[PDB]
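**Q** this one is an experimental structure. Sequence first:
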Amino acid sequence: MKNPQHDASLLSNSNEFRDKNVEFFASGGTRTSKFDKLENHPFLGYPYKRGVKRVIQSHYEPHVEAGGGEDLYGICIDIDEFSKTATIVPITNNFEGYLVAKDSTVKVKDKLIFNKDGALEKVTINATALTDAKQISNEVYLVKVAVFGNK
Amino acid sequence: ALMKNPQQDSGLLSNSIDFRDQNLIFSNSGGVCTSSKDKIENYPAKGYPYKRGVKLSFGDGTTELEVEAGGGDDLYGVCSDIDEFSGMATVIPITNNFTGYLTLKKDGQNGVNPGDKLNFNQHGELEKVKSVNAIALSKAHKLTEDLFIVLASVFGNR
Amino acid sequence: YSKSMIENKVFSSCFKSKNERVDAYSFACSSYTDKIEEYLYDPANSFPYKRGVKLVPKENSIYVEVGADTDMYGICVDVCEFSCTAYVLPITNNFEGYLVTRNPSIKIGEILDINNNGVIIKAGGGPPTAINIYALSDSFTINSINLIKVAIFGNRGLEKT
């Protein structure tokens, strides 16, 4: 989850101001402009920090889920669990931030493609990696990228 | 040439009596018709990418990335202004459409006419025609024997 | 034709399904930071309202004329007939709204393409599509002009079939 709410018994020492931002709970983007277009959409699963595709079908309005390829629609940069809604940056808008990488093979200067699970994998091209993949926890790898569209 | 403003000074006072054909100067930064809802970025400048297509250029890793004149399959945006003191380049991302005066390749510049599709070369210069949608909206204008500028509209990727 | 289109002898007769009007507000979901541009259009060649348009630089001004997806500059969302001025949303921006189609039977979720007349058609016609267009609703006829709700988000990397 984006913010796993767990109670603690001791305070965690947090004084160093470096290597503090690469975390799974840091939503949004590293650099954001006031004129960035944002859309909230109903979602299924957990597409947080992943490429999202718009799925269209009691009939319901279209929702979004993790995906990519020819069906890529945007990027989910923030999520709200109570409302079950996800803030999405459309693919027509450039973005800079940390996204989910398939594995640790991704390095700097690497051109990346959103796979069927919304994860960034090495090689149409969509983004250019800026840093190496870092393991946040278990198999979760986060990579800083500069999304620019589709080739 | 290598500076947005004329490097040398001038020995005359401008007449400032006419209003037609006064925007052909090289120092005319920014777009000709600009929207208030335009996303604008800045980056450290490597070289002089002024009024040229820019691409991401990296280093060993000790320093942050910067932008240099370029194009083709590595095009990232268009540089419209540069602050020389800070060495910062104003960059308009390719996902945001642009309309203004851009540097034109000095090769077949006479053949360029309104309605001619253009594309960016490896040196960030517009050349007559792939993957970037650019349309010339005027004819080439000569500023220096090797410097030609043309009014063009860039509206994304093909 | 026109958008406003007239004195009536009597008034025309729930909240549901009242948006099915030719002169309805084009944007189903609007957003500030959407870029809107003004251009001239030909007042006798083709009426560009709710159609995909292309830039034609003429010898006197830059006009917008109905065009295909291959050379599309954007979508004409509104027209001021008094000044014959067309308002264009560039293709670089997202769109979600009602556009003119020529097929009266289009289902929801189908892939769509803009033809030479700036008209929504099914993407199975054969021309390689270059834009991501999806039908958000079934096509409806106003009695006659056919409209459909579509979502347009940027260009397609590799042209499909």
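**A** Alright, I've got the coordinates. Residues are numbered from 1 along each chain as shown, chains lettered A, B, ... in the order given.
**Q** all contacts plus neighbour counts: C-alpha atoms, from now on.
**A** Fine.
**Q** quick one, strands of chain A?
**A** Assigned strands in chain A, in chain order: A:39-42, A:51-55, A:63-66, A:72-80, A:85-90, A:95-101, A:111-114, A:120-122, A:127-129, A:134-137, A:140-147 (criterion: DSSP state E).
**Q** export those strands to a markdown table and tack on distance to chain B and mean neighbour count?
**A** Putting these into a markdown table (distance: least, Cα to the nearest Cα, whole Å; neighbours: other Cα atoms under 10 Å in any protein chain shown) gives the following:
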| stretch | distance to chain B | mean neighbour count |
| --- | --- | --- |
| strand A:39-42 | 17 | 17 |
| strand A:51-55 | 18 | 25 |
| strand A:63-66 | 22 | 24 |
| strand A:72-80 | 13 | 24 |
| strand A:85-90 | 11 | 22 |
| strand A:95-101 | 10 | 24 |
| strand A:111-114 | 10 | 22 |
| strand A:120-122 | 16 | 22 |
| strand A:127-129 | 9 | 23 |
| strand A:134-137 | 16 | 14 |
| strand A:140-147 | 10 | 22 |
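**Q** what's the closest of those strands to residue A:27?
**A** strand A:72-80 (5.4 Å; Cα to Cα).
**Q** for residue C:144, find the nearest of the strands of chain A.
**A** Proximity to residue C:144 (Cα to Cα) singles out strand A:51-55 among those, at 31.4 Å.
**Q** circling back to that earlier point, mind putting the strands of chain A into CSV with distance to residue C:136?
**A** Shown next, in CSV, are the strands of chain A (distance: least, Cα to Cα, whole Å):
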stretch, distance to residue C:136
strand A:39-42, 14
strand A:51-55, 11
strand A:63-66, 12
strand A:72-80, 14
strand A:85-90, 17
strand A:95-101, 26
strand A:111-114, 24
strand A:120-122, 28
strand A:127-129, 28
strand A:134-137, 38
strand A:140-147, 26
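**Q** what residue lies at the spatial centre of the chain?
**A** All of this is about chain A. residue A:49 (1.7 Å; Cα atoms, centre = their mean).
**Q** my bad, chain B
**A** Centre-nearest of chain B using Cα atoms, centre = their mean is residue B:51, 2.0 Å out.
**Q** any idea how far that one is from residue B:124?
**A** 9 Å (Cα to Cα, to the nearest Å).
**Q** same thing with residue C:20?
**A** Residue C:20 is 48 Å from residue B:124, by Cα to Cα.
**Q** go on, residue B:103?
**A** Noted for residue B:103: a distance of 8 Å to residue B:124, by Cα to Cα.
**Q** looking at the two, which is more packed in?
**A** Remark: of residue B:103 and residue B:124, residue B:124 carries more neighbours, 28 against 22, as counted by other Cα atoms under 10 Å in any protein chain shown.
**Q** surely the more buried one meets residue B:70?
**A** Yes: Residue B:124 lies in contact with residue B:70 (Cα atoms under 8 Å); the separation is 4.3 Å.
**Q** give me the common contacts of these two.
**A** Here residue B:124 and residue B:70 share the contacting residues B:52-54, scored by Cα atoms under 8 Å, 6 or more residues apart in numbering or on different chains.
**Q** let me know the closest of those residues to chain A.
**A** Closest approach between these and chain A, by Cα to the nearest Cα: residue B:54, at 13.2 Å.
**Q** which element, helix or strand, includes the closest one?
**A** Following DSSP states H and E, one finds residue B:54 within strand B:53-57.
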